[PDB]
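Only one chain is shown below, in structure tokens, and it's the form solved without the partner chain.
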């Protein structure tokens, strides 16, 4: 039954629970003497791996501790070692799960209450440390506060005098916390419907309400209440004087967050009265549901079934909470906890799992998001754009568009009309141009996407006066005759020279127009004539000129240029630096606010980041080969491996210098983007000041938030460039509006 023990441990939570707990203690006792070490490992792992039902497992420990006092002895000691090493590994996400598990144990009388108070004193005392990042101080305070709901009433009455000083110290710290990072993190800057506040501020207020009403909560479930008689005689265990690990340079702390509300109890009048925003029982609901998503993110069917059957579903309206939680996971703008596409399909299975009510609230939830689009962070809008279009894709594109009739009588660059324009454009990607026109009411015909057809400058009937037209027709027959690369050069030799920009334009326009049928034809054309592009576009400005003429060919088909540039980079036709310059070129200025251009920039960045990691990975494995051979050389004294080591020694140095070459290339890419980002924004700021116009414009609002978004999606990489950015680009002389973005980013993690 070695494999049986872990199975039955996981079975207790699923689906007479108290009777199930009682039986579980008996079977655990039978094989405890010979499997004690293995049992401790299983309980320790499930304490951090399964925080969704930690109250269930705490009662299991209490019953085992009650029957065997010695069992609870080493288990607590083993639990501390797990916590002690977890902090050393900078794995704080489950560290809070562990400290919650310890806190709930005092309810099961496993842990002495005074010892737990001294444990929290050290956590709060971290704020008294100096020269330590403010983020680290936040986590320890968060860990203590987060565990309070499970330990609120019982711990308070025992040692109120001590923890009141603890509460004062925590309250004192929250007053002087830096709040510079909130504006980046809040999805909505507006406060009228529901304010967005930092998690500590929201959590603290909920604790105050819980403290106000004598620490009573209704949502949480406490199985140990039923086993009151048994746990009374159990002897408590005193915790060792734990101390937090000292701060180290390599230590990494979790980023600050912000919890957003999109629902109010007035939204569902007939249903159960859901907890208010500053209600502690609401926090535990979202926290459990987040862990449900975290635990079963791989299995969408299993995840959907688990959260819908959430314990205590009768008290609280599940449909409104689950929808809010999914959007909460989706709009964590630093990074969603999983792949973005997971949430789109998760709601699909949820929708079909509860067809009775969930489609109604989800439709209502979508409308609520639409009305708040006036002040929503753009990086979250793109996630909203992708989900809503995809959700419409697998629902026959059925929607009451006439409801959003207000978008027509607005500025075309206002967020609401822009949202409609982007959604239809994305819906165009999944269907036909005619298909979108049919479903949309005719009044929105102005917002319908344009027909994605190639634009040929050298058209048959356009004009014969355009330069190079005679040469252009020669390219057409050459391509249709499957000409070789060398003879293509001969045709280009006749092009007059005003490097030659004219040669690029005539070659690109003809080649793209010929391969305008599909992506496969276009990909083949570039591969077929790979050498031609490399020879012609040798200069950096020549590489840039390839993109601008390419954009003119497919201005009306954003998806076509979405992948066309991607293939060019991987074929070394144009480096990432050229693409970044092309984005901010005056040619794209009119469409700079479009969503598709930013997908280009991020895809280019990801390719550079992915490529440099692969080179680093290749260096590491080659480095380990030296370690592997040296270990074998020590074991087997072979003198013929000296030449073998020499082969890899000259190999690794080539990789090492290549990494520096690659890292410098990656560093240059971000430097170019930020350098190019400053000049455009500064130009906007000075002209608005000179002309007296308001700075807050739809163009400026969209552009400034893109600067935040690129910071957020690659903060880990940008961490290596703090010295360079501060000394060169982001300086004190810079405008405060631009510098404020860097002000919050550096304080975001440090």
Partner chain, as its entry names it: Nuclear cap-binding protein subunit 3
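Residue numbers count along the first chain shown, from 1.
Engineer: If the chain runs straight from residue 498 to residue 499, say none; otherwise bin the unmodelled deposited residues as 1 to 3, 4 to 9, or 10 or more.
Structural biologist: 10 or more residues are missing.
Engineer: If the chain runs straight from residue 15 to residue 16, say none; otherwise bin the unmodelled deposited residues as 1 to 3, 4 to 9, or 10 or more.
Structural biologist: The entry leaves 1 to 3 residues without coordinates here.
Keep in mind that the form deposited with the partner chain bound is not shown, yet the notes after this line are about it.
Engineer: Check whether residue 180 has any heavy atom within 4.5 Å of a heavy atom of the partner chain in the deposited bound form, and answer yes or no.
Structural biologist: The answer is no: residue 180 has no heavy atom within 4.5 Å of the partner chain.
Engineer: With the partner left out here, check for me: in the deposited bound form, does some heavy atom of residue 395 sit within 4.5 Å of the partner chain?
Structural biologist: It does: once the partner chain is placed as it appears in the deposited bound form, residue 395 has a heavy atom within 4.5 Å of it.
Engineer: Taking heavy atoms only, is residue 360 within 4.5 angstroms of the partner chain in the deposited bound form?
Structural biologist: Yes, contact at 4.5 Å.
Engineer: Given that the partner is absent here, does residue 391 sit within 4.5 Å of the partner chain in the deposited bound form, heavy atoms only?
Structural biologist: Residue 391 belongs to the contact set for the partner chain.
Engineer: If the cut-off is 4.5 angstroms on heavy atoms, which of these, 224, 399, 71, 188, is the one near the partner chain in the deposited bound form?
Structural biologist: In short, 399.
Engineer: Counting non-hydrogen atoms within 4.5 angstroms of the partner chain in the deposited bound form, say which of 635, 649, 487, 403 makes the cut.
Structural biologist: Among 635, 649, 487, 403, a heavy atom within 4.5 Å of the partner chain in the deposited bound form occurs only for 403.
Engineer: Spot the stretch among 143-151, 346-354, 280-288, 165-173 with residues whose non-hydrogen atoms come within 4.5 Å of the partner chain in the deposited bound form.
Structural biologist: Heavy atoms within 4.5 Å of the partner chain in the deposited bound form occur in 346-354.
Engineer: If we check the partner chain in the deposited bound form, which of the residues in 284-301 reach within 4.5 angstroms of it by a non-hydrogen atom?
Structural biologist: Sequence-ordered list has one entry, 301.
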